[PDB]
């Protein structure tokens, strides 16, 4: 989730609370900072709620100090939320981490043994009493820590502090990212370089394992053993616009509408000469890519749907057997490795628990090699992969992925043409794919200029609480997607069915008041589809159908047609996605929902 850390000479709270705000997406149930003033007065503070719930519990009780550590959260397993909220104050040790401490039991028991007393349920409060115990046994903090770290198992990103000596903050990185922001006289710790974006812009990105010792006037980093290290330090880029929603009322909407430029980024330096280019893999790709006979794809939620759309392409175009499983199942299941199998995770975060263990698994199951289509660079998926292709999406703040989706398509789509050519197939296959790609941007541009109309439809969903999404083909999953959206950002019970599955059961749901969103280009499967539309139609189902301008569909009280600008077909599933995104967003407004942090959720799921 979100974890921030100041240690300057000014007051560090209204920054700590900022860092949080700019990590509210990674987590939005509980929050709270801990600062201390000169003298030593600790001042822990927690609130259930948005970060603002804290903010306000700060104005009421301003916190002075130049040593604090904040923290937002995803309260998942539930639990007394304000009791189990960070930070936790082990007498004088305050901690806040990001992650999961595996051995959080073999410890909690062992300590406890030694008269310890965990007043709260939680793994953070274990870091504390652990580090603390280590003070007692000699050394300095930057020593008590360098000893306790290696006795923890998991992936975490804690930032330990001694209320008796706010002179130093400790920061370890074992999994969850922790970047350090460099200030003047001051420093800052963060889980992401986006918290600190306001104050510094100069970051030393902790490598994996580091236990950096930080003060106002120094930042000493040590490797895992305890050696000293000289981590470089770079200036940020991830600031294009930072987390400024701009003209846009919500992040999704801006993120939705960035798709057209967002793809351009992706198709940039890759569409070199009528034919997709991906040298970026370094001439050693055509030696593993080429032995490829099958493709396994790990993913979750939207990152999976994409995996789907692709399977259609990898086969009907690359001619390559391909599976596209949900990471959650894969990882725990004994399985049968195809011969010559390129594993291919499709995270946007790069840091998702499941798609990542998956990957990890893959390694042992003798796959041919990994490939990684992340959004975020140097991400756990990207560095443990073997090959990787980056979406160039830009940072996506929306809890509900959108441009990360469209980008993914574009990439995969590109990989297809590479693989296509790589396989002496028809040089025309690449050509065709490219033309789409190399014209997707302009086209989504086209599509968005329909905002108004879709915004109009959404009115019809005020009163509904169910919705059916139908598609067939390499649009089965596009219809999967637009459900997942609407479903998530408006709470409507939307469900997606592969069109030709209705009559085998689900078709019982239809009725007078059941809207049915359907996507329908000038596909070959057009008529097949045109049918199951008529099948639902003939049973009540109110029908919103996003159909190519030249489909043939005809308007009607029961059957609402939303003309679609003729698209290509290689990029058809991307295109037809967009309108479905608008609709989910707009219905969400009509619904009056947290368009940007839907309940029980929180962008990127990196827990486990």
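Residue numbers count along the first chain shown, from 1.
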Looking at the deposited entry, does 383-391 or 457-465 carry the larger mean Cα B-factor? 457-465
Tell me which stretch, 111-119 or 521-529, has the higher mean Cα B-factor listed in the entry. 111-119
Select one of 52, 581, 555, 67: the residue whose C-alpha shows the highest B-factor in the crystal structure entry. 555
Among 342, 278, 95, 146, where is the Cα temperature factor highest, going by the PDB entry? 146
Could you look up the Cα B-factor of residue 545 in the entry and say which third of the chain it sits in: lowest, middle or highest? lowest
Should residue 222 be placed in the lowest, middle or highest third of its chain by the C-alpha B factor in the entry? highest
Using the B-factor values recorded in the entry, state whether the Cα atom of residue 248 falls in the lowest, middle or highest third among the modelled residues of its chain. middle
Determine, from the deposited record, the chain-internal third of the Cα B-factor for residue 240: lowest, middle or highest. highest
By the recorded C-alpha temperature factor, relative to the other modelled residues in its chain, which third is residue 442 in? middle
